[PDB]
file model-v3.cif (mmCIF, C-alpha atoms and all ligand atoms)
data_run
loop_
_atom_site.label_atom_id
_atom_site.label_comp_id
_atom_site.auth_asym_id
_atom_site.auth_seq_id
_atom_site.Cartn_x
_atom_site.Cartn_y
_atom_site.Cartn_z
CA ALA A 1 142.03 110.73 83.43
CA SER A 2 140.01 108.58 81.03
CA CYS A 3 140.86 104.90 80.54
CA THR A 4 139.40 102.27 78.22
CA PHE A 5 139.87 98.59 79.01
CA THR A 6 139.25 95.50 76.92
CA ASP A 7 140.26 93.05 79.67
CA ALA A 8 139.26 92.71 83.31
CA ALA A 9 142.78 92.40 84.75
CA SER A 10 143.86 95.78 83.38
CA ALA A 11 140.66 97.46 84.57
CA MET A 12 141.08 96.08 88.09
CA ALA A 13 144.75 97.03 88.30
CA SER A 14 144.12 100.62 87.18
CA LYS A 15 140.60 101.45 88.37
CA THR A 16 141.62 103.84 91.15
CA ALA A 17 143.90 105.79 88.77
CA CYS A 18 141.04 106.57 86.34
CA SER A 19 138.17 109.00 86.81
CA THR A 20 136.33 107.69 83.74
CA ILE A 21 136.51 103.93 83.15
CA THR A 22 135.19 102.48 79.89
CA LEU A 23 134.76 98.69 79.80
CA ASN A 24 134.62 97.59 76.16
CA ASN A 25 133.64 94.03 75.18
CA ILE A 26 135.30 92.50 78.24
CA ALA A 27 135.32 88.71 78.62
CA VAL A 28 135.41 88.21 82.40
CA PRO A 29 137.39 85.09 83.41
CA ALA A 30 135.36 82.12 84.64
CA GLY A 31 134.89 82.03 88.39
CA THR A 32 135.95 85.66 88.89
CA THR A 33 134.22 88.94 89.63
CA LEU A 34 134.61 91.94 87.38
CA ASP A 35 135.70 93.74 90.53
CA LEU A 36 135.07 97.48 90.31
CA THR A 37 134.79 97.95 94.06
CA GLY A 38 136.73 100.61 95.90
CA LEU A 39 136.46 103.27 93.21
CA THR A 40 137.61 106.81 93.87
CA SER A 41 134.69 109.10 94.61
CA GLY A 42 133.39 110.82 91.48
CA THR A 43 134.37 108.04 89.06
CA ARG A 44 132.20 107.33 86.01
CA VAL A 45 132.01 103.74 84.70
CA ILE A 46 130.73 103.05 81.16
CA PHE A 47 129.88 99.58 79.86
CA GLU A 48 130.25 99.33 76.08
CA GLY A 49 129.64 96.46 73.72
CA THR A 50 128.92 93.02 75.14
CA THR A 51 130.40 91.96 78.48
CA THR A 52 130.61 88.17 78.78
CA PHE A 53 131.60 85.73 81.51
CA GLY A 54 133.37 82.39 81.59
CA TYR A 55 131.57 79.28 82.77
CA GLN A 56 132.11 77.93 86.29
CA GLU A 57 129.88 76.66 89.07
CA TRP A 58 130.28 79.29 91.79
CA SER A 59 128.20 81.80 93.73
CA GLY A 60 129.42 85.07 92.18
CA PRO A 61 129.12 87.96 91.94
CA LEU A 62 129.89 88.29 88.24
CA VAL A 63 130.16 92.10 88.62
CA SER A 64 130.61 94.28 91.69
CA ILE A 65 130.84 98.08 91.95
CA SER A 66 131.28 100.20 95.07
CA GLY A 67 132.29 103.70 96.06
CA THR A 68 130.70 107.08 96.75
CA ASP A 69 129.41 109.44 94.07
CA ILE A 70 129.87 106.85 91.31
CA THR A 71 128.05 107.18 87.99
CA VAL A 72 127.55 103.83 86.21
CA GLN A 73 126.21 103.87 82.66
CA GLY A 74 125.43 101.47 79.87
CA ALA A 75 126.30 102.89 76.49
CA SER A 76 123.70 102.64 73.76
CA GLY A 77 123.44 99.03 72.61
CA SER A 78 125.56 97.68 75.46
CA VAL A 79 124.68 94.37 77.13
CA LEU A 80 126.02 92.39 80.07
CA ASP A 81 125.33 88.89 78.77
CA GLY A 82 125.43 86.19 81.42
CA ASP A 83 124.58 83.38 78.97
CA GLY A 84 122.77 81.87 81.92
CA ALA A 85 121.45 78.85 80.01
CA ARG A 86 124.89 77.31 80.64
CA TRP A 87 123.79 76.97 84.28
CA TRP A 88 119.98 76.89 84.10
CA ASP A 89 118.55 73.58 85.26
CA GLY A 90 115.12 74.56 86.62
CA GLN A 91 116.48 74.70 90.16
CA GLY A 92 117.99 78.17 90.48
CA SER A 93 119.50 78.73 93.89
CA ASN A 94 117.54 75.80 95.41
CA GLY A 95 119.55 72.96 93.87
CA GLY A 96 121.42 71.65 90.89
CA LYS A 97 124.46 73.58 89.73
CA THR A 98 125.92 76.36 91.86
CA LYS A 99 125.05 79.53 89.96
CA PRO A 100 126.61 83.00 90.25
CA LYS A 101 124.67 86.07 91.33
CA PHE A 102 125.09 88.81 88.74
CA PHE A 103 125.64 92.33 90.04
CA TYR A 104 126.55 93.49 93.54
CA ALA A 105 125.79 97.11 94.40
CA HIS A 106 127.04 96.98 97.99
CA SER A 107 128.13 100.33 99.42
CA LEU A 108 127.56 102.02 96.05
CA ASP A 109 126.45 105.13 97.87
CA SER A 110 125.23 108.52 96.64
CA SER A 111 125.56 106.93 93.23
CA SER A 112 123.58 105.99 90.13
CA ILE A 113 123.27 103.16 87.61
CA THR A 114 121.61 104.05 84.30
CA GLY A 115 120.91 102.27 81.04
CA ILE A 116 122.37 98.88 81.94
CA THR A 117 120.93 95.86 80.11
CA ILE A 118 121.44 92.41 81.65
CA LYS A 119 120.74 89.40 79.45
CA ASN A 120 120.23 85.83 80.67
CA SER A 121 121.44 86.05 84.25
CA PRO A 122 122.41 82.67 85.76
CA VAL A 123 120.29 83.43 88.83
CA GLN A 124 119.53 86.65 90.78
CA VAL A 125 120.53 89.93 89.13
CA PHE A 126 121.03 93.00 91.38
CA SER A 127 121.95 92.65 95.04
CA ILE A 128 121.45 96.13 96.46
CA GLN A 129 122.92 97.04 99.88
CA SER A 130 123.57 100.78 99.57
CA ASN A 131 122.44 104.26 100.61
CA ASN A 132 121.21 106.89 98.14
CA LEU A 133 121.43 104.81 94.99
CA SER A 134 119.29 105.28 91.88
CA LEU A 135 118.80 102.63 89.18
CA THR A 136 117.22 104.12 86.05
CA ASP A 137 116.33 102.62 82.66
CA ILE A 138 117.52 99.15 83.68
CA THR A 139 116.55 96.22 81.47
CA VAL A 140 116.62 92.59 82.61
CA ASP A 141 116.14 90.34 79.58
CA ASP A 142 115.80 86.82 80.98
CA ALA A 143 112.98 85.78 78.62
CA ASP A 144 114.99 82.77 77.40
CA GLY A 145 114.69 81.49 80.97
CA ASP A 146 110.94 80.94 80.46
CA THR A 147 111.67 77.86 78.35
CA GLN A 148 115.32 77.07 79.18
CA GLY A 149 115.06 76.46 82.92
CA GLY A 150 115.54 79.87 84.53
CA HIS A 151 114.64 80.06 88.21
CA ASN A 152 115.30 82.51 91.06
CA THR A 153 116.19 85.17 88.47
CA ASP A 154 115.12 88.08 90.74
CA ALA A 155 115.76 91.47 89.16
CA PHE A 156 116.21 93.72 92.24
CA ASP A 157 116.93 92.26 95.69
CA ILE A 158 117.18 94.97 98.36
CA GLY A 159 118.40 94.68 101.93
CA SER A 160 120.09 96.92 104.48
CA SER A 161 119.56 99.89 102.19
CA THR A 162 118.19 103.41 102.36
CA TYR A 163 117.07 105.88 99.70
CA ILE A 164 116.93 103.44 96.78
CA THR A 165 115.06 104.71 93.71
CA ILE A 166 114.33 102.40 90.77
CA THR A 167 112.80 104.16 87.75
CA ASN A 168 111.59 102.78 84.42
CA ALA A 169 112.84 99.23 84.89
CA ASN A 170 111.85 96.66 82.27
CA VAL A 171 112.08 93.08 83.53
CA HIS A 172 111.28 89.72 81.95
CA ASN A 173 112.34 86.98 84.37
CA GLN A 174 111.18 84.00 86.46
CA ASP A 175 111.10 85.38 90.03
CA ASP A 176 110.44 88.62 91.90
CA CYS A 177 110.65 91.83 89.92
CA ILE A 178 111.54 93.59 93.17
CA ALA A 179 112.11 91.85 96.52
CA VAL A 180 112.52 94.23 99.46
CA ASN A 181 113.98 92.05 102.22
CA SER A 182 114.76 95.11 104.34
CA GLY A 183 115.33 98.80 103.90
CA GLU A 184 113.95 102.29 104.38
CA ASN A 185 112.85 105.02 101.96
CA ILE A 186 112.59 102.92 98.81
CA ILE A 187 110.84 103.88 95.55
CA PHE A 188 110.06 101.68 92.54
CA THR A 189 108.24 103.62 89.83
CA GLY A 190 107.43 103.29 86.16
CA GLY A 191 108.30 99.61 85.94
CA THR A 192 107.14 96.87 83.60
CA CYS A 193 107.47 93.37 85.07
CA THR A 194 106.66 90.24 83.12
CA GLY A 195 107.18 86.51 83.56
CA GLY A 196 108.20 86.59 87.22
CA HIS A 197 106.68 86.44 90.68
CA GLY A 198 105.52 90.05 91.07
CA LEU A 199 106.30 93.22 92.99
CA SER A 200 107.25 91.90 96.42
CA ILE A 201 107.91 93.22 99.87
CA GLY A 202 109.91 90.41 101.42
CA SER A 203 110.60 87.84 102.32
CA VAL A 204 110.94 89.74 105.61
CA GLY A 205 112.46 87.87 108.53
CA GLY A 206 115.22 85.40 109.35
CA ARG A 207 118.10 87.74 108.42
CA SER A 208 120.23 90.27 110.26
CA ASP A 209 117.98 93.07 108.96
CA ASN A 210 114.22 92.43 109.01
CA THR A 211 112.91 96.00 109.00
CA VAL A 212 111.05 97.54 106.05
CA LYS A 213 109.86 101.13 106.37
CA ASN A 214 108.56 103.73 103.91
CA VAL A 215 108.45 101.91 100.58
CA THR A 216 106.46 103.11 97.57
CA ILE A 217 105.88 100.81 94.59
CA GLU A 218 103.94 102.82 92.05
CA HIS A 219 102.97 103.50 88.44
CA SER A 220 103.97 100.01 87.35
CA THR A 221 102.58 97.04 85.43
CA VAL A 222 102.87 93.31 86.22
CA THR A 223 101.91 90.85 83.51
CA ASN A 224 102.11 87.11 82.95
CA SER A 225 103.45 86.55 86.46
CA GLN A 226 102.73 84.27 89.41
CA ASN A 227 101.59 87.19 91.60
CA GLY A 228 100.85 90.84 91.05
CA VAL A 229 101.36 92.56 94.41
CA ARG A 230 102.91 90.47 97.19
CA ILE A 231 103.99 90.94 100.80
CA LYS A 232 105.64 87.85 102.31
CA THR A 233 106.82 87.61 105.90
CA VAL A 234 108.68 84.55 107.13
CA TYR A 235 106.87 81.98 109.27
CA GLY A 236 107.92 82.38 112.89
CA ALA A 237 110.27 85.31 112.23
CA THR A 238 110.64 88.69 113.92
CA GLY A 239 110.70 91.98 112.05
CA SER A 240 108.44 94.79 110.93
CA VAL A 241 106.91 96.17 107.73
CA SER A 242 105.48 99.67 107.99
CA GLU A 243 104.49 102.58 105.76
CA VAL A 244 104.32 100.61 102.53
CA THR A 245 102.31 101.97 99.60
CA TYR A 246 101.35 100.25 96.37
CA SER A 247 99.71 102.80 94.10
CA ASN A 248 98.66 102.87 90.45
CA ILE A 249 99.54 99.24 89.75
CA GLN A 250 97.98 97.43 86.79
CA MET A 251 98.13 93.66 86.33
CA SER A 252 96.97 91.00 83.91
CA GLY A 253 97.70 87.36 83.17
CA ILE A 254 98.38 86.58 86.84
CA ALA A 255 98.57 82.84 87.48
CA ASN A 256 98.26 82.44 91.28
CA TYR A 257 97.36 85.60 93.26
CA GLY A 258 96.52 89.11 92.11
CA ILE A 259 97.31 90.43 95.59
CA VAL A 260 98.81 88.14 98.23
CA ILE A 261 99.82 89.20 101.74
CA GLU A 262 100.91 86.26 103.85
CA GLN A 263 102.68 85.80 107.18
CA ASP A 264 103.35 82.05 106.79
CA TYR A 265 106.03 82.32 104.12
CA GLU A 266 108.90 79.88 103.70
CA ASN A 267 111.18 79.56 100.68
CA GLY A 268 110.13 75.96 100.05
CA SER A 269 106.40 76.41 100.56
CA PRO A 270 104.27 78.54 102.91
CA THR A 271 103.06 76.67 105.98
CA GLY A 272 99.38 77.63 105.72
CA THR A 273 99.42 78.96 109.30
CA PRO A 274 100.51 82.57 109.88
CA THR A 275 102.53 83.93 112.79
CA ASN A 276 102.49 87.42 114.28
CA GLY A 277 106.13 88.42 114.81
CA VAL A 278 106.46 90.55 111.64
CA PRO A 279 103.67 93.16 111.96
CA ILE A 280 102.49 94.86 108.75
CA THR A 281 101.18 98.31 109.66
CA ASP A 282 100.25 101.42 107.71
CA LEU A 283 99.88 99.55 104.42
CA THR A 284 98.20 101.57 101.67
CA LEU A 285 96.90 100.14 98.41
CA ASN A 286 95.62 102.93 96.16
CA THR A 287 94.40 102.09 92.65
CA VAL A 288 95.60 98.51 92.20
CA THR A 289 93.62 97.06 89.33
CA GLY A 290 93.51 94.47 86.61
CA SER A 291 92.77 90.82 86.01
CA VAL A 292 93.93 87.35 86.97
CA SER A 293 93.78 84.08 85.05
CA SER A 294 90.84 81.69 85.31
CA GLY A 295 92.66 79.39 87.76
CA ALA A 296 93.99 82.19 89.97
CA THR A 297 92.75 83.75 93.20
CA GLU A 298 92.08 87.49 93.18
CA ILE A 299 93.15 88.49 96.71
CA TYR A 300 94.62 86.34 99.50
CA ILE A 301 95.36 87.79 102.95
CA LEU A 302 96.80 85.43 105.57
CA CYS A 303 97.66 87.56 108.59
CA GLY A 304 98.56 86.45 112.09
CA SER A 305 96.73 87.53 115.23
CA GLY A 306 97.22 91.27 115.76
CA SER A 307 100.04 91.55 113.19
CA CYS A 308 98.14 93.37 110.41
CA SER A 309 96.69 96.74 111.38
CA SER A 310 95.98 100.26 110.11
CA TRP A 311 95.57 99.56 106.40
CA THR A 312 93.96 101.81 103.79
CA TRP A 313 92.77 100.13 100.58
CA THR A 314 91.04 102.25 97.96
CA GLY A 315 90.43 101.72 94.26
CA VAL A 316 91.39 98.04 94.45
CA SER A 317 89.60 96.10 91.71
CA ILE A 318 90.90 92.69 90.63
CA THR A 319 88.74 90.72 88.16
CA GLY A 320 88.82 87.14 86.94
CA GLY A 321 89.63 83.90 88.69
CA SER A 322 88.04 83.14 92.04
CA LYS A 323 87.61 84.68 95.48
CA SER A 324 89.71 83.23 98.27
CA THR A 325 88.14 80.91 100.85
CA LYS A 326 91.23 81.04 103.06
CA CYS A 327 91.80 84.60 104.28
CA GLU A 328 92.61 85.15 107.95
CA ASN A 329 92.78 88.21 110.22
CA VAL A 330 91.79 90.68 107.50
CA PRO A 331 92.07 94.26 108.84
CA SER A 332 89.30 96.81 109.07
CA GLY A 333 88.50 98.43 105.73
CA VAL A 334 89.96 95.57 103.69
CA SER A 335 88.47 92.56 101.91
CA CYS A 336 89.51 89.56 99.84
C1 LIG B 1 109.92 108.20 102.39
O1 LIG B 1 110.77 107.86 101.27
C2 LIG B 1 110.79 108.84 100.21
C3 LIG B 1 111.70 108.30 99.13
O2 LIG B 1 112.81 107.58 99.67
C4 LIG B 1 111.25 110.19 100.75
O3 LIG B 1 111.19 111.16 99.71
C5 LIG B 1 110.37 110.61 101.92
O4 LIG B 1 110.86 111.83 102.48
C6 LIG B 1 110.37 109.53 102.99
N1 LIG B 1 109.53 109.91 104.11
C7 LIG B 1 109.99 110.04 105.36
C8 LIG B 1 108.99 110.46 106.39
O5 LIG B 1 111.17 109.82 105.64
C1 LIG B 2 145.79 99.85 84.05
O1 LIG B 2 145.73 100.92 83.14
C2 LIG B 2 146.77 101.93 83.26
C3 LIG B 2 146.51 102.97 82.18
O2 LIG B 2 145.26 103.58 82.46
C4 LIG B 2 148.14 101.26 83.13
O3 LIG B 2 149.16 102.22 83.36
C5 LIG B 2 148.27 100.13 84.17
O4 LIG B 2 149.55 99.51 84.07
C6 LIG B 2 147.13 99.12 84.01
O5 LIG B 2 147.33 98.51 82.73
#

call {"tool": "encode", "arguments": {"input": "model-v3.cif", "output": "structure tokens", "more": "lines below"}}
Ligand SMILES: *[C@@H]1O[C@H](CO)[C@@H](O)[C@H](O)[C@H]1NC(C)=O
Ligand SMILES: *[C@H]1O[C@H](CO)[C@@H](O)[C@H](O)[C@@H]1O
result
Amino acid sequence: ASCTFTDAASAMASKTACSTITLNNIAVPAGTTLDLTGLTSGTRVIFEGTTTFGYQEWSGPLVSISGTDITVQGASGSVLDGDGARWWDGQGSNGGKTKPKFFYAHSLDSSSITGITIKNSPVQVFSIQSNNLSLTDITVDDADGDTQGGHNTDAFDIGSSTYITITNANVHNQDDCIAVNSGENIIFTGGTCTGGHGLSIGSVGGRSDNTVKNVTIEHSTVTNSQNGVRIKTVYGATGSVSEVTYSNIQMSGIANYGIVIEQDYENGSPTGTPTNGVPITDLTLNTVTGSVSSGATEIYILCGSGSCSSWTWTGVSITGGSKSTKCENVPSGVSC
């Protein structure tokens, strides 16, 4: 049966009794999750109008959906509006107010999310911990955060996941466009990323799952961002990153690093000295091109001893800025 809800309490009470759930203009109570977990397999969820959220300092999530064979859709013109400026204080998840993560897709398996627009997330947007989940035509509009104190507004954080496909995302934020902390068989294609910290593998290490395998980030553009292409592995951690491909990536307006691969990463600041417990093997860059800003570095590779091997880099051409004086343990066939 089809059900339309204009309040969160009714939707939560009746979600398992509905095979199509329409969420129309819901104001989600402060400090609570719009909890659409535990759906019956096959259910379709449609967001309509503007979903809003009450103000409270808490960790979230604002929205959570789970189940098998779930189809999540944003209707034309729909928005999930976090009004994140109520929390933004320049400090994100590193300090200041406690700020709620936006959208949990944990165990949203053999499922899809299409056409969702998120506006002004308080902090990170999608937390993905699922198998066989596609996210298509997603828009993250956090542009207000450029001037109003947005920080740590990651669009897609992935861990403990398999068979994730992200297609035609459009992101304007202040942190990673994608951050693959762990996972296997992951595709990001057709994306436009602006404002943030780039298309990132990692940080990898220091968690329960520190394994990244078979990831393709392709046919995408990164503009007006701190980094273009980034792989970050945690200083002193243990894990592995293998079979990663960046292909057909264009970048411009990059402030810090066009391409940065570093094995000294920490959330506060990298140490400057890499370690070798998170090997990066079978990394392919194919046709990664564009420009960096005058004060940026084109390519920076800071690998540990023996922990970067079997790389294939072809068609890499990054102009502007300066060449790095700091690269370490650069593999055969690769250059800064
Ligand atoms: C790598 O991942 C892609 C997409 O998830 C998949 O189509 C492909 O079969 C995977 N390769 C292997 C060897 O599993
Ligand atoms: C959720 O919605 C159903 C109708 O779909 C109600 O019967 C229930 O009481 C709750 O309001």

call {"tool": "residues_near_ligand", "arguments": {"input": "model-v3.cif", "ligand": "ligand LIG 1 (chain B)", "cutoff": "6 Å", "atoms": "all atoms listed in the file", "output": "list in words"}}
result
residues 163, 185, 186, 187 and 214 of chain A

call {"tool": "residues_near_ligand", "arguments": {"input": "model-v3.cif", "ligand": "ligand LIG 2 (chain B)", "cutoff": "7 Å", "atoms": "only C-alpha atoms and all ligand atoms", "output": "ChimeraX atom specification"}}
result
/A:3,10-11,13-15,17-18

call {"tool": "write_last_selection", "arguments": {"input": "model-v3.cif", "atoms": "C-alpha atoms", "output": "compact mmCIF listing (two decimals), in the frame of the given file"}}
result
# COMPACT_ATOMS: atom_id res chain seq x y z
CA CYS A 3 140.86 104.90 80.54
CA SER A 10 143.86 95.78 83.38
CA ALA A 11 140.66 97.46 84.57
CA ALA A 13 144.75 97.03 88.30
CA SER A 14 144.12 100.62 87.18
CA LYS A 15 140.60 101.45 88.37
CA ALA A 17 143.90 105.79 88.77
CA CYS A 18 141.04 106.57 86.34

call {"tool": "closest_residue", "arguments": {"input": "model-v3.cif", "among": "A:197, A:318, A:271, A:181", "to": "residue 290 (chain A)", "atoms": "only C-alpha atoms"}}
result
A:318

call {"tool": "closest_residue", "arguments": {"input": "model-v3.cif", "among": "A:164, A:169, A:155, A:12", "to": "residue 124 (chain A)", "atoms": "all atoms listed in the file"}}
result
A:155

call {"tool": "residues_around", "arguments": {"input": "model-v3.cif", "residues": "residue 34 (chain A)", "least_positions_apart": "4", "cutoff": "8 Å", "atoms": "only C-alpha atoms", "output": "PDB file with C-alpha atoms, in the coordinates of the input"}}
result
ATOM      1  CA  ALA A   8     139.260  92.710  83.310  1.00  0.00           C
ATOM      2  CA  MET A  12     141.080  96.080  88.090  1.00  0.00           C
ATOM      3  CA  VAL A  28     135.410  88.210  82.400  1.00  0.00           C
ATOM      4  CA  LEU A  62     129.890  88.290  88.240  1.00  0.00           C
ATOM      5  CA  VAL A  63     130.160  92.100  88.620  1.00  0.00           C
ATOM      6  CA  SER A  64     130.610  94.280  91.690  1.00  0.00           C
TER       7      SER A  64
END

call {"tool": "build_atoms", "arguments": {"input": "model-v3.cif", "residues": "region 291-304 of chain A", "atoms": "N, CA, C and O atoms", "output": "tab-separated table (two decimals), in the coordinates of the input"}}
result
chain	number	residue	atom	x	y	z
A	291	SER	N	93.42	92.12	86.13
A	291	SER	CA	92.77	90.82	86.01
A	291	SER	C	93.75	89.71	86.33
A	291	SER	O	94.97	89.85	86.21
A	292	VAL	N	93.19	88.58	86.74
A	292	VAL	CA	93.93	87.35	86.97
A	292	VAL	C	93.37	86.26	86.07
A	292	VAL	O	92.26	86.36	85.55
A	293	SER	N	94.16	85.20	85.91
A	293	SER	CA	93.78	84.08	85.05
A	293	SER	C	92.67	83.25	85.69
A	293	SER	O	92.41	83.33	86.89
A	294	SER	N	92.03	82.42	84.86
A	294	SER	CA	90.84	81.69	85.31
A	294	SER	C	91.11	80.82	86.54
A	294	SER	O	90.24	80.67	87.40
A	295	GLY	N	92.31	80.24	86.64
A	295	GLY	CA	92.66	79.39	87.76
A	295	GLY	C	93.29	80.09	88.94
A	295	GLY	O	93.73	79.43	89.89
A	296	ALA	N	93.35	81.42	88.92
A	296	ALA	CA	93.99	82.19	89.97
A	296	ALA	C	92.98	82.65	91.02
A	296	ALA	O	91.76	82.59	90.84
A	297	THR	N	93.52	83.14	92.13
A	297	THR	CA	92.75	83.75	93.20
A	297	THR	C	93.01	85.25	93.16
A	297	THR	O	94.14	85.69	92.97
A	298	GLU	N	91.94	86.04	93.33
A	298	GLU	CA	92.08	87.49	93.18
A	298	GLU	C	92.93	88.09	94.29
A	298	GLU	O	93.94	88.76	94.02
A	299	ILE	N	92.52	87.88	95.54
A	299	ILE	CA	93.15	88.49	96.71
A	299	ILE	C	93.23	87.44	97.81
A	299	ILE	O	92.23	86.81	98.15
A	300	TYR	N	94.42	87.29	98.41
A	300	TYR	CA	94.62	86.34	99.50
A	300	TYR	C	95.38	87.06	100.61
A	300	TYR	O	96.49	87.54	100.38
A	301	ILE	N	94.77	87.13	101.79
A	301	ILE	CA	95.36	87.79	102.95
A	301	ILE	C	95.40	86.76	104.07
A	301	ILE	O	94.36	86.31	104.54
A	302	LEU	N	96.61	86.40	104.49
A	302	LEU	CA	96.80	85.43	105.57
A	302	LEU	C	97.66	86.09	106.64
A	302	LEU	O	98.89	85.96	106.67
A	303	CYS	N	97.00	86.83	107.52
A	303	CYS	CA	97.66	87.56	108.59
A	303	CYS	C	97.57	86.78	109.90
A	303	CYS	O	96.62	86.03	110.13
A	304	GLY	N	98.59	86.96	110.74
A	304	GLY	CA	98.56	86.45	112.09
A	304	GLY	C	97.68	87.30	113.00
A	304	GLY	O	97.08	88.29	112.59
